[PDB]
Number of protein chains: 4
Amino acid sequence: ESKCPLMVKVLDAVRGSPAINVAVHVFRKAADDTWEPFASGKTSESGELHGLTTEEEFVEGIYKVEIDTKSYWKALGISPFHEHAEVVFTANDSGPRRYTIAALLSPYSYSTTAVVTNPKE
Amino acid sequence: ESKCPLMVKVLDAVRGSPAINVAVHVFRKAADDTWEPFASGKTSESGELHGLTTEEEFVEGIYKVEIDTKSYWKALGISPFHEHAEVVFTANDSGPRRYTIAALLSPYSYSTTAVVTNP
Amino acid sequence: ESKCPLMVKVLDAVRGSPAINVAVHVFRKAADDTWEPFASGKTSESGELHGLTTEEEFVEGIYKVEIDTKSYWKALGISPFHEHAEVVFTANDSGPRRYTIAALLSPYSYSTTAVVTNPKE
Amino acid sequence: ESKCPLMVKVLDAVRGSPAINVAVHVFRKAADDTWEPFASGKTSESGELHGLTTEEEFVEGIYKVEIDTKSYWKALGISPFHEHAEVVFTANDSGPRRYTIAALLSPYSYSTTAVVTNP
Ligand SMILES: CC(=O)N[C@@H](Cc1ccc(Oc2cc([N+](=O)[O-])c(O)c([N+](=O)[O-])c2)cc1)C(=O)O
Ligand SMILES: CC(=O)N[C@@H](Cc1ccc(Oc2cc([N+](=O)[O-])c(O)c([N+](=O)[O-])c2)cc1)C(=O)O
């Protein structure tokens, strides 16, 4: 639960359930204008991913949360439209914050929103 | 062919198609403050309904468009969450020209958006 | 947090924040085919509503969660398109369950999903 | 006027309008496995982009459509969450005829859906 700075929440709109065991890769745009592996995980039984980074580690930058939606759907036996879902944003530019990226998935569609709260600094 | 100040567009998020043959019933709130039938139809092959009304019969007021989402997934043999999808809006043409009411459906969710324009 | 059977979560897509102090009215379709007041609330600072009903009270039926979106937007100074958001579903027909109705709001749009988990019975 | 096997539709959820003058850059994944520019344009007045390609140039493959969402809200002086919206899909016409890629935007969220059809 909020304490970490980057939390991801994935729901399944076909089943009306959390999207479980969904793979998520996080990237930081390097100095060279290339994406650099930052963190990864799988969502739990509640479709959340926590413990990705820490505050000292999560500096300002452009990150990409890539969610592997193709894999989750294939595995439930659907051939979905998308390759994956990718969310690109600028984090911590006017100070550190807490970020929640939620993705609501369906086979030919996905919505996605962000909740940003001010820790304090 | 006849001013369509009101249009509905329904789409299927599972299959990536228009949702066709969806029952849409529209209602005008009456002073007695109940709903009164107003226009009805089934979405075409492109998941659209048109010729619902005309600009003379469409006066300001509270309208409710109701989509029979449940029969839609049933026919597909997929178990739905909702009984139907509903949109309640105030039509205030003191500006507003055309109204497109779109809904994206999934077994457990639905989005809806309005496209209100002039041309 | 899950323990109650009907929980509502409302997010603001314009601000990227929980939709706070949002009024929610819950109805049960009577025997007579009329909606009967069932419960009401306001969402908290985290855009959730809990403690609406109890398990013994929430029998099978058709309920309507009506969210007063017009009021929240007006108050932030927008004239939104919708009158309110209303969610109609059949609850507890093949046994009791836990229901989470989330609504993601914008001025001319709203998405909404349901998470249903099996308590046990 | 020319087969448009690919179409993008952008809409604004704050204002209830098409999103016009949105930059859309499409890309074809190359074996070198990088993206290669493929088609580009700005949405019209109805928030649509067409004449992106033709059925001969559109072969199976991994495509990415990228929407410059951020400049869009900027021009409106509303602070955005995302740098842009992206859709990666495999175009496998061994069936598929037309592709409509729609995106509904808000300052902190976006939905996207695909409408894949035959007619
Ligand atoms: C009128 C039209 O262009 N018909 C198109 C497809 C289409 C694009 C966007 C849209 O609107 C819309 C899009 C999304 N979305 O995610 O892209 C969405 O979530 C909603 N919605 O929730 O109501 C509506 C509705 C329909 C077709 O050729 O079938
Ligand atoms: C559990 C949790 O993370 N709480 C978060 C916010 C949050 C994320 C996703 C979500 O689900 C959701 C997401 C979308 N979406 O588009 O991303 C959506 O459209 C809907 N919806 O329509 O109900 C729900 C609901 C709520 C918080 O910090 O309070």
Side-chain angles (χ1 to χ4, degrees), chain A residues 1-13 17-73 75 82-105 110-121, chain C residues 1-2 9 11 13 15-18 46-48 100 102 104 113 115, chain D residues 69-70 80-88 107-110 112:
Chain A
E1 90 184 297
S2 201
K3 77 197 204 187
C4 350
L6 191 68
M7 109 162 50
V8 186
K9 177 51 180 182
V10 192
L11 282 191
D12 179 342
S17 111
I20 299 189
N21 283 327
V22 174
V24 176
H25 300 259
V26 182
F27 307 85
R28 194 175 171 280
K29 190 160 261 269
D32 83 341
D33 183 59
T34 78
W35 290 113
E36 271 167 5
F38 182 94
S40 48
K42 250 17 178 316
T43 69
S44 52
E45 298 283 306
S46 57
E48 300 173 351
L49 185 56
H50 330 295
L52 289 164
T53 201
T54 65
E55 284 202 29
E56 180 71 56
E57 205 202 359
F58 193 48
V59 307
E60 333 178 24
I62 316 208
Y63 292 73
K64 170 191 321 155
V65 164
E66 145 178 318
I67 309 175
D68 183 16
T69 76
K70 198 181 169 191
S71 268
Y72 169 80
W73 295 117
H82 315 77
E83 277 307 315
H84 50 252
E86 109 186 30
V87 178
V88 187
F89 50 114
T90 294
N92 324 285
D93 65 321
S94 39
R97 319 247 174 280
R98 291 191 317 220
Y99 287 89
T100 298
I101 295 339
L104 167 66
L105 308 189
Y110 75 77
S111 50
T112 181
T113 192
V115 185
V116 170
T117 64
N118 200 356
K120 291 182 180 180
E121 288 185 349
Chain C
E1 90 184 297
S2 201
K9 177 51 180 182
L11 282 191
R15 295 152 73 165
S17 111
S46 57
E48 300 173 351
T100 298
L104 167 66
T113 192
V115 185
Chain D
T69 66
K70 192 207 189 168
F81 180 73
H82 319 87
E83 296 290 310
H84 58 254
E86 254 153 2
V87 186
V88 182
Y108 274 67
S109 137
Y110 81 71
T112 182

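Chain letters run A, B, ... following the sequence lines, proteins first, then strands; residues in each count from 1.
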Looking only at heavy atoms, which two atoms of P18(C) and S46(C) are closest? And how far apart? CB-C, 3.5 Å
Here the pair of heavy atoms bringing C4(A) nearest to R98(A) is O-CD, 3.6 Å
So, using side-chain contact (heavy atoms from CB on, under 4.5 Å) as the criterion, who are the partners of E121(A) when residues are at least two apart? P96(A)
Is there side-chain contact between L52(A) and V8(A), with at least one heavy-atom pair below 4.5 Å? yes
Closest heavy-atom contact between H84(A) and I67(A)? CB-O, 3.2 Å
Just how far is it from atom CD of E48(C) to atom OG1 of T100(C), taken to the nearest 0.5 Å? 9.0 Å
Roughly how far, to the nearest 0.5 Å, is CG of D12(A) from CD1 of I20(A)? 9.0 Å
Distance in Å, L11(A) CG paired with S111(A) OG, rounded so as to fall on 0.5 Å steps: 9.0 Å
Identify the two heavy atoms, one from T113(A) and one from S109(D), that lie closest to each other, and give their separation to 0.1 Å. OG1-CB, 3.3 Å
Note: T53(A) and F38(A) closest approach over all heavy atoms is OG1-CZ, 3.1 Å
For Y110(A), give me all partners under ring pair (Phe, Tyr, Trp, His ring centres under 6.0 Å), at least two apart in sequence or on another chain. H82(A)
My understanding is that only residues two or more places apart in sequence, or in another chain, count here; which of them pass ring pair (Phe, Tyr, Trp, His ring centres under 6.0 Å) with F89(A)? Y99(A), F81(D)
Less than 4.5 Å apart, side chain to side chain, heavy atoms only: is that true for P5(A) and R97(A)? no
Contacts of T43(A) meeting side-chain contact (heavy atoms from CB on, under 4.5 Å) (sequence neighbours excluded), chain-then-number -> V10(A), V22(A), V24(A), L49(A)
Which atom pairs, donor and acceptor, lie under 3.5 Å between side-chain atoms of residues 25-32 of chain A and protein residues at least two apart or in another chain?
{"residue": "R28(A)", "atom": "NE", "partner": "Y63(A)", "partner atom": "OH", "Å": "3.4"}
{"residue": "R28(A)", "atom": "NH2", "partner": "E60(A)", "partner atom": "O", "Å": "2.8"}
{"residue": "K29(A)", "atom": "NZ", "partner": "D33(A)", "partner atom": "OD1", "Å": "3.0"}
{"residue": "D32(A)", "atom": "OD1", "partner": "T34(A)", "partner atom": "N", "Å": "3.3"}
{"residue": "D32(A)", "atom": "OD1", "partner": "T34(A)", "partner atom": "OG1", "Å": "2.4"}

Mind jotting down which residue pairs meet the salt bridge (charged side-chain N to carboxylate O under 4.0 Å, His left out) criterion with at least one end in residues 61-72 of chain A? Sequence neighbours excluded, please. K70(A)-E83(A)
Please name the pair of heavy atoms, one in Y72(A) and one in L105(A), separated by the smallest distance, quoted to 0.1 Å. CD2-CD1, 4.1 Å
Just by distance, do the side chain of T112(A) and the backbone of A102(A) share a donor-acceptor pair under 3.5 Å? yes
